[PDB]
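# Analysis of the macromolecular model
As a plain string of letters, each chain reads:
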Protein chains: 2
Amino acid sequence: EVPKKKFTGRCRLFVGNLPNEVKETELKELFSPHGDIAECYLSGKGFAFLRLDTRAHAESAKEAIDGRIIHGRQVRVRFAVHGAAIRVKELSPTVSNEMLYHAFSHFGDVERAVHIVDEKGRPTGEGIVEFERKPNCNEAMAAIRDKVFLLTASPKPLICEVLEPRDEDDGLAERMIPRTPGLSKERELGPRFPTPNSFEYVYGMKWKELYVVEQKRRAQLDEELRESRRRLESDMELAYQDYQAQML
Amino acid sequence: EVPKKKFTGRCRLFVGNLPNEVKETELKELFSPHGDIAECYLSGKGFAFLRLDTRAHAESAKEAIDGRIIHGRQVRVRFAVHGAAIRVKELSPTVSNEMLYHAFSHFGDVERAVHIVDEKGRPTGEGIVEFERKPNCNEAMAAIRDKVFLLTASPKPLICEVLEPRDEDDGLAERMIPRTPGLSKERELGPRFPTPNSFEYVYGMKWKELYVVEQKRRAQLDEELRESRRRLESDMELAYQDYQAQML
């Protein structure tokens with residue numbers, strides 16, 4: 001039903017420190033081994049944009065071309081910021097990828113809609129929505145946040161939030177850490193298991209105790225709220241059954 | 001400089017419904033357009049395993065070959081389960097990718113170690129550790145869970161958990177949903193904004209109110225625990241300063 005979309009915002013790469021002699025033909029030549037290209041933009045101001053057909057071809061192009069010396073200039077290849085992505089929550093276990101796609105297709109052209117599942121394949125109640133255009137995304141997000149938006153017969157509304165990107169690929173490189181004396185002080189002692197005859201062990205056991213309390217309180221809160229929901233779900237089922245009985 | 005490792009567990013593909021006439025050579029031919037190959041295994045029992053050089057080449061191979069008709073059989077390509085991945089928490093904002101790599105390199109050969117950062121590039125306190133071997137991972141996880149393990153001079157211990165993979169790529173396809181009468185009932189009403197003259201609006205407003213309470217309580221709890229930490233951090237700084245003064 002929903003075809004796999006090509007040259008999306010997730011397939012967009014940014015190219016820094018690019019020689020201005022490098023024209024569109026040479027840029028395509030350089031990225032062509034990785035996949036089909038579209039949306040070539042050359043600024044003439046040392047930077048460029050381009051889209052590969054798939055995120056996988058774009059990751060491969062980034063990994064092979066970032067740091068390469070082109071006509072005497074070290075280029076930088078990075079994924080361009082999407083800026084039109086939503087974190088959907090309170091999704092029903094029956095709301096498919098396709099259901100989520102056409103529902104958000106009301107707000108504008110959608111690139112991808114997915115209902116995330118665990119290792120076991122069970123729905124998580126969380127989903128991702130990516131729009132081709134940023135104001136359409138802002139519209140979808142603002143409307144659903146302000147008013148009750150229902151995907152099914154169920155009165156449970158959707159929650160929409162900005163899908164803040166996380167860097168699990170590059171993370172915190174040693175080079176990015178500002179070098180200070182305090183930093184050298186913390187690296188004087190390295191990876192170790194402290195012993196009870198050491199001063200720091202008593203303080204590390206205090207921290208371990210703290211993490212157990214934190215987890216325990218969070219688990220307690222989740223069970224209070226998870227039960228509050230179970231009572232609401234019950235009251236609603238009983239009232240809806242009663243209402244549908246008087247609507248015959 | 002920690003080099004980028006090739007033919008990793010994340011690069012490991014599972015190939016299902018393979019006609020047994022397809023030998024190692026035919027499998028190499030078929031996957032070669034996507035990249036270089038290692039760990040080629042052919043069961044002779046309809047399934048297979050192989051490793052592309054990079055996750056990006058392996059995603060590209062999966063996406064191009066999954067569902068393809070080879071010698072009259074519908075093949076199914078998927079990423080094989082890693083099973084040697086850790087979710088590290090309570091990471092210091094100064095523990096880099098490299099620090100995390102060599103620290104866990106004590107437990108065994110590590111494939112990848114990353115301290116995850118936000119869009120802004122700031123450390124999240126969360127990281128990912130992937131080992132070449134599953135027993136080594138189980139060892140690292142069990143030791144750090146049982147005893148206090150310190151990466152820096154700081155008495156704050158590491159938390160290690162099983163990195164349960166999430167399917168953000170395939171998710172919940174409509175086809176995977178068991179078709180029942182209750183499912184047809186929920187899809188009788190589609191994506192909509194209910195109106196105050198509708199019975200369901202009062203129940204959708206009850207749900208919106210509930211989400212505000214949950215968020216409020218969670219934010220209250222986080223601020224109790226966040227303060228508790230600030231008080232512990234203070235008591236420790238004062239005691240460590242006084243201790244280091246008597247250790248001169």
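Conventions adopted
- The numbering shown runs from 1 along each chain in the order of its written sequence and may not match that of the entry; residues for which no coordinates exist are omitted.
- The order in which chains are written sets their letters, starting at A; the order in which ligands are written sets their numbers, starting at 1.
- Note that water and hydrogens are dropped before the side-chain values are worked out from all heavy atoms of the structure.
- Under the DSSP-based scheme used, a helix requires at least four consecutive residues in state H or I and a strand at least two consecutive residues in state E, with every element numbered from the N terminus.
- Each radius of gyration reported is based on C-alpha atoms, and the globular scaling rule is 2.2 Å times the count of residues to the power 0.38.
- A 1.4 Å probe rolled over the protein chains alone gives each residue an accessible area, and that area as a share of the maximum for its type sets the label: buried under 20%, exposed over 50%, partly exposed in between.
- Pairs of residues are marked as contacts when any of their non-hydrogen atoms sit within 4.5 Å.
- The Shrake-Rupley method, run with a 1.4 Å probe, gives the accessible areas here. Residue values count only the displayed protein chains as cover.
- In this tally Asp and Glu are treated as negative and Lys and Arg as positive; neither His nor the chain ends contributes.
- Think of each charge as sitting on NZ of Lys, CZ of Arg, CG of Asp or CD of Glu.
- For the superposition of copies, the fit is least squares and the atoms are the C-alpha atoms.
- Pairing between two strands requires that DSSP report at least two bridges joining them.
- Every axis corresponds to a line fitted to the C-alpha atoms, with the helix fit spanning only the stretch in contact, and the corresponding angles, defined between N-to-C directions, vary from 0 to 180 degrees.
- Classification of ring pairs rests on two measures: the distance between centres of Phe, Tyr or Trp rings, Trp counted by its six-membered ring, which must be within 6.5 Å, and the angle between planes, read as stacked under 30 degrees, edge-to-face over 60 and tilted in between.
- Definition used: whenever NZ (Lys) or CZ (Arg) falls within 6 Å of the ring centre and also within 35 degrees of the ring normal, the charge is taken to sit over that ring.
- The salt bridge criterion pairs a side-chain nitrogen of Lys or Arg with a carboxyl oxygen of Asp or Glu, the two atoms within 4 Å.
- Note on terminology: angles under 35 degrees are roughly parallel, angles over 145 are roughly antiparallel, angles of 65 to 115 are roughly perpendicular, and the others are oblique.
- Crossings are assigned a handedness: left-handed for a near helix turned anticlockwise from the far helix by less than a right angle, right-handed for a clockwise turn.
- Amino acids are sorted into nonpolar (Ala, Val, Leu, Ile, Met, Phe, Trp, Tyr, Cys and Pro), charged (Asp, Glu, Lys and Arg) and polar (every other residue, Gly among them).
- Two parts placed together each lose some accessible area; with a 1.4 Å probe, that loss summed over both constitutes the buried area.

- Structure determination for this PDB entry was carried out by X-ray crystallography, with a resolution of 2.40 Å recorded in the header.

- Under the annotation held in the PDB entry, chain A carries the name NONO-1 and is attributed to Caenorhabditis elegans.
- The record for the entry shows the title "Structure of the C. elegans NONO-1 homodimer".

### Some details on the overall build of chain A
- Assigned secondary structure in chain A consists of six helices and 10 strands.
- Relative to the 2.2 N^0.38 estimate, which gives 18 Å for 248 residues, the radius of gyration of chain A is 25 Å and therefore markedly larger than a compact globule would have.
- Here the C-alpha coordinates of chain A stretch approximately 80 × 65 × 30 Å along the principal axes.
- In chain A, which comprises 248 residues, the share counted as buried stands at 46%.
- In chain A, the proportion of contacts linking residues at least 24 apart, taken out of those at least 6 apart, comes to 61%.
- When the accessible surface of chain A is totalled, it reaches about 14000 Å², and 50% of it is carbon and sulfur.
- For chain A, the distance from the average site of its 40 positive side-chain charges to the average site of its 42 negative ones is 4 Å.

### Focus: the relation of the copies chain A and chain B
- Screw-axis analysis of chain A against chain B gives a translation of 0.0 Å along the axis, an RMSD of 0.2 Å, and a rotation angle of 180°. Expressed as a symmetry operation, the mapping of one chain copy onto the other fits a two-fold axis. Relative to the rotation axis, the closest C-alpha in chain A is found at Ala56 of chain A, a distance of 2.4 Å.
- Of the residues that chain A buries at the interface, 98% are likewise interface residues in chain B, meaning the two copies contact each other through the same surface.

### Focus: the sheet that holds strand β9 (residues 123-131) of chain A
Residues and elements named next belong to chain A.
- Strands sit in the order β8-β9-β7-β10 across an open sheet of four strands; the sheet is antiparallel. Each of the sheet's edge strands pairs with one partner strand only, and the pair in question is β8 (110-117) and β10 (159-162). Direction aside, the axes of adjacent strands within the sheet are offset by 25° on average.
- Bridge count between strand β7 (residues 85-89) and β10: four bridges; the pairing is antiparallel. Along β10, the bridge assignment pairs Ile86 with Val162.

### Here we look at the packing of aromatic side chains
- Applying the stated rule across the entire model yields 27 aromatic pairs over all chains.
- When the ring of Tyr240 of chain A is compared with that of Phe199 of chain B, the centres are 5.0 Å apart and the planes differ by 70°; the resulting orientation is edge-to-face. Within this pair, whereas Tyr240 of chain A is found in helix α6 (residues 199-246), its partner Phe199 of chain B is found in helix α6 (residues 199-246), the two belonging to separate chains.
- Overall, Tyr240 of chain A belongs to the buried group, its relative accessible area being 16%.
- Among the aromatic side chains, those forming a connected cluster through ring pairs are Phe104, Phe107, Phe131 and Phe149 of chain A together with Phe193 of chain B.
- Here the basic side chain of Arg55 of chain A rests over the ring of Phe79 of chain A, its NZ or CZ set 4.0 Å away from the ring centre.
- A cation over an aromatic ring shows up here: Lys156 of chain B above the ring of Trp207 of chain A, its NZ or CZ 5.3 Å from the ring centre.

### Section: the pattern of salt bridges
- Tallying each qualifying case throughout the model produces 49 salt bridges over all chains.
- In this structure, the salt-bridge partner of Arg10 of chain B is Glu130 of chain B, at a minimum N-O distance of 3.0 Å. Separated by 120 residues along the polypeptide, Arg10 of chain B in the segment before β1 (12-16) and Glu130 of chain B in strand β9 (residues 123-131) bring together distant segments of the chain.
- Residue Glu130 of chain B is classed as buried on the basis of its relative accessible area, which comes to 1%.
- Between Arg133 of chain B and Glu132 of chain B there is a salt bridge whose closest N-O contact spans 3.5 Å.
- Under the relative-accessibility criterion, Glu132 of chain B is labelled partly exposed at 39%.
- Through salt bridges with shared partners, a single network forms among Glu214 and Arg218 of chain A together with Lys89, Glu90, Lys156 and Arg229 of chain B.

### Brief notes about the packing of helix α2 (residues 55-65) of chain A against helix α2 (residues 55-65) of chain B
- Where α2 of chain A contacts α2 of chain B, the two axes come as close as 8 Å, and the packing angle between them is 155°. One way to sum up the angle between α2 of chain A and α2 of chain B is to call them roughly antiparallel. Crossing of α2 of chain A against α2 of chain B: the hand is left-handed. For the pair formed by α2 of chain A and α2 of chain B, the contact residues are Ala56, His57, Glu59, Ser60 and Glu63 of chain A on the first element and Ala56, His57, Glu59, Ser60 and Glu63 of chain B on the second.
- Looking at side-chain class alone, the contact of α2 of chain A with α2 of chain B contains two nonpolar, four polar and four charged residues.

### A short note on the sheet that holds β9 of chain B
All names here are of chain B.
- In space, the four strands of this open sheet follow the order β8-β9-β7-β10, with antiparallel pairing throughout. A single partner strand is all that each edge strand has here, and the edge strands are β8 (110-117) and β10 (159-162). Within this sheet the neighbouring strands show an average axis-to-axis angle of 25°, counted without direction.
- Along the sheet, helix α4 (residues 134-146) makes contact with β7 (85-89), β9 and β10, crossing β10 at roughly 135°.

### Quick look at the interface of chain A and chain B
- Every contact between the two is made by 93 residues of chain A and, on the other side, 95 residues of chain B.
- Interface of chain A and chain B: buried area, both sides summed, is about 8300 Å²; carbon and sulfur atoms make up 62% of it.
- Considering only the surface of chain A that becomes buried against chain B, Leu172, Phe193 and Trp207 of chain A emerge as the three largest contributors, covering 9% of it.
- Here chain A is connected to chain B by eight salt bridges.

### What about the pairing of strand β6 (residues 76-79) of chain A?
Residues and elements named next belong to chain A.
- On β6, burial follows the alternation: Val77 and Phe79 on one face are buried, whereas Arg76 and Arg78 on the facing-out side are not.
- Pairing between strand β1 (residues 12-16) and β6: four bridges, direction antiparallel. Note on β6: the bridge partner recorded for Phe14 is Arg78.

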